[PDB]
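First, one chain by itself: the form deposited in one PDB entry, in structure tokens.
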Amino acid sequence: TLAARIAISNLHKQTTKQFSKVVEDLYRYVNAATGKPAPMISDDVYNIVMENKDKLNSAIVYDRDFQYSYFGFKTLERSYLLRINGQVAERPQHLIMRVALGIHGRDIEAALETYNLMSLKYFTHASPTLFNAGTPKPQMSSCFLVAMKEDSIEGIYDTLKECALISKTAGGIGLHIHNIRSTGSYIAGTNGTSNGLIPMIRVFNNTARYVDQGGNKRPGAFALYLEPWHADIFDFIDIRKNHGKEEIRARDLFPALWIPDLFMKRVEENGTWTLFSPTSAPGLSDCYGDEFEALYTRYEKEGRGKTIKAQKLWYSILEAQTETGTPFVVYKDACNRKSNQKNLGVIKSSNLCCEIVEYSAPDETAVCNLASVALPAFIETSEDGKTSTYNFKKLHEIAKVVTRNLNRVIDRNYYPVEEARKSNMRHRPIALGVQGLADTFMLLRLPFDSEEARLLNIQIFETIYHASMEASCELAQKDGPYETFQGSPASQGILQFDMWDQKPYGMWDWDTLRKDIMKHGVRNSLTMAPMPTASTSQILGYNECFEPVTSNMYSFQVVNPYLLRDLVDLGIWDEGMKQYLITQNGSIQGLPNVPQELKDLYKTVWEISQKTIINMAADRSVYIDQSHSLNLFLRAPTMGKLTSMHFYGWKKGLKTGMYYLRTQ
């Protein structure tokens, strides 16, 4: 609370003020232990700063360093602000201006615009952008989707190298492994027999541990995608389990299910399910929908697999989720049917956090560059005091700024492997997200589950998607559409909500936009992918992404500042209320002297129906090009409860049915 106007002030005392001078320092840096020149700013950005020192220097408002809260600034200090010899060299304002120049380069007016908006907290860029923008090999991308190159030792080891090379320069991996022959399958070259996915997973697991994002930075982070017909699927879903059989676990990796609809139909019908090695039943992962169902059903009748009860796999899935939070669940058919990248081929995975849905092949590794809008920044006390409104015009404007930022990032990015460069330059996807939906609903006096909250949510996502496609259409008018625009749904006038067979809310003129996209193209294949903001929401001091709060009281004790405000205002905030928060996980339901309106506004995620979560997720999904990282939260978790959650999500047409399952 006070710690901000203390710990920040101490940083000011221990850091140089003048931006161009912190830049000189970073640039002229020499690694003392080896005597090697180790510039922390690229030649390009250094020269830009030198040729514009007065302007950039004078544009910076250091007062804005106090926009950051205690843990927010401590997050920046620990991992974001550049360091010289373990001592922090940058102030937050300097980080921001460095990022702004790293994205925009010689376009100083665009950089100044981005500096102001970010320092004023209208939006931020994902962690690797904050870390690396304007440094010598700026790897600003967060996401890589990697295709297992071939069912062969050569292809497995080439993929492993690729993952190592990507993991070296920060970034999470989603890796699909559907094509790897399962246990017991014949090996012709040596007349041997395969031990299947696990011993292969363990190699990748060790690589994730080894290659810690650049040398003592962060352990490698890989999600693995598998379709539930793969014969190794029972051991795959348990890769994170805590209990014995150590040689069969891979605890540093995350399992994710790439679920076809057929699996869900067989589960609800109480039918059979057939497990195949991909060698016995080829092509299953390279088709989807009815075409998949026809092929699967044929392979099944031809006796090419091993049949079991579907609900046997289901119960095992549900068990692993209860225990480990994993595996994730992403619906293959929804992803494929409702993707603007469908003209590229069949999409075979999502990513580490289940928000990216992009096409990947042995020669093309999908990449994404992310940023999130701070939704609370667009609340304005109305033209009379007392009432608060939402500035949708400003949000539209900011999302357009951010779209343009993320395009610049594509072009200014350093790619770890050639497969990433090829993919990104061809299709140019981007990922806009949000943070502080919860804060926004609170500030505006809208309970998460209210009809008003439901409407705001819809109109916020409509405007972000509309803004991003409008900006992307603008860029295509200047620079041409992305290489692979023609043949795409968008080229035919088919936008995300159309693929859900829905009319848009209509806060914006979609027909003019469609006419414009059909005529001129768009510069980006995809624009929307709301992400966890697990670090960046911490920096800006908002609740992560689009989830309700998990607790009105975290840990240093910190109480929901909107709730705190209310309590003192009602003359009820005392010691007796603080006690009923430290033990009560931070809940205010049932509490003696508390207005009903506060109980409705400050429900914990554990007190909101997951049916409401799914509904609002399905609502916003119609304006998400890609997917979003939907955690599900269950207090008293049972199979029938879990089951209804998955099936409700599935029948809503969600792409990401579940990220983590959070429990207790």
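Numbers follow the displayed sequence, beginning with 1. Just so we're on the same page, rigid core means the largest C-alpha set that superposes within 1.5 Å between forms.
Counting only other entries where the flanking residues are modelled, do a third or more lack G214? Yes.
So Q584 is built in this one, but is it left out in a third or more of the other compared PDB entries that include its neighbours? Other entries vs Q584: none skip it.
What number of residues from the deposited sequence go unmodelled in the gap from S555 to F556, classed as none, 1 to 3, 4 to 9, or 10 or more? 4 to 9 residues are missing.
Can you let me know which of the two, 387-395 or 405-413, has the higher average C-alpha B-factor in the entry? Taking the mean C-alpha B-factor of 387-395 and of 405-413, the larger value falls to 387-395.
Report the stretch with the higher mean CA temperature factor, choosing between 119-127 and 79-87 on the basis of the entry. Of 79-87 and 119-127, the stretch with the higher C-alpha B-factor average is 79-87.
Compare the CA B factors listed in the entry for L581, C287, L95, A281 and report the winner. Highest C-alpha B-factor among the listed residues goes to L581.
Which is it among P362, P532, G586, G480: the one with the largest CA B-factor in the entry? Result of the comparison over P362, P532, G586, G480: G586.
Using the temperature factors of the C-alpha atoms in this entry, rank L634 within its chain: lowest, middle or highest third. It belongs to the highest third of the chain when residues are ordered by C-alpha B-factor.
How does the C-alpha B factor of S42 compare with the rest of the chain: lowest, middle or highest third? Middle third - that is where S42 ends up once the chain's C-alpha B-factors are sorted.
Using the temperature factors of the C-alpha atoms in this entry, rank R298 within its chain: lowest, middle or highest third. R298: CA B-factor falls in the middle third of its chain.
Report the third (lowest, middle or highest) to which the CA temperature factor of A617 belongs, ranking only the modelled residues of the same chain. Within its chain, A617 is a middle-third residue by C-alpha B-factor, going by the deposited values.
Among the modelled residues of this chain, does the Cα B factor of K55 put it in the lowest, middle or highest third? Highest third, going by the recorded CA B-factors of the chain.
The form solved in complex with a partner chain exists for this protein as well; it is not shown, and the discussion that follows is about that form.
Of the options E291, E452, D363, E268, which one has a non-hydrogen atom that comes within 4.5 Å of the partner chain in the bound PDB entry? Contact with the partner chain in the bound PDB entry is made by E268 alone.
Single option in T604, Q610, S42, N631 placed near the partner chain in the bound PDB entry, where near means a heavy atom within 4.5 Å: Partner contact (heavy atom, 4.5 Å) among the options: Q610.
Each of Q311, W314 and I614 near the partner chain in the bound PDB entry, meaning some heavy atom within 4.5 Å? Answer is yes for this spot.
Taking 4.5 angstroms as the cut-off for heavy atoms, does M645 touch the partner chain in the bound PDB entry? It does: once the partner chain is placed as it appears in the bound PDB entry, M645 has a heavy atom within 4.5 Å of it.
Contact with the partner chain in the bound PDB entry for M50, defined as at least one heavy atom pair within 4.5 Å: yes or no? No, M50 stays farther than 4.5 Å from the partner chain in the bound PDB entry.
Proximity of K641 to the partner chain in the bound PDB entry, heavy atoms at 4.5 Å: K641: contacts the partner chain in the bound PDB entry.
Which single stretch, out of 620-628, 595-603, 633-641, 58-66, brings residue heavy atoms within 4.5 Å of the partner chain in the bound PDB entry? Among the listed stretches, the partner-contacting one is 633-641.
If you line up the core, which of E154, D501, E451, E383 has a CA that moves 2 Å or more between this form and the one not shown? Single residue meeting the criterion: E383.
After superposing the rigid core, is the C-alpha displacement of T190 2 Å or more between this form and the one not shown? Yes; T190 is a residue whose C-alpha shifts (by 2 Å or more) between this form and the one not shown when the cores are overlaid.
For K578, is the C-alpha shift between this form and the one not shown 2 Å or more after core superposition? It does, since the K578 C-alpha is displaced 2 Å or more between this form and the one not shown after the core fit.
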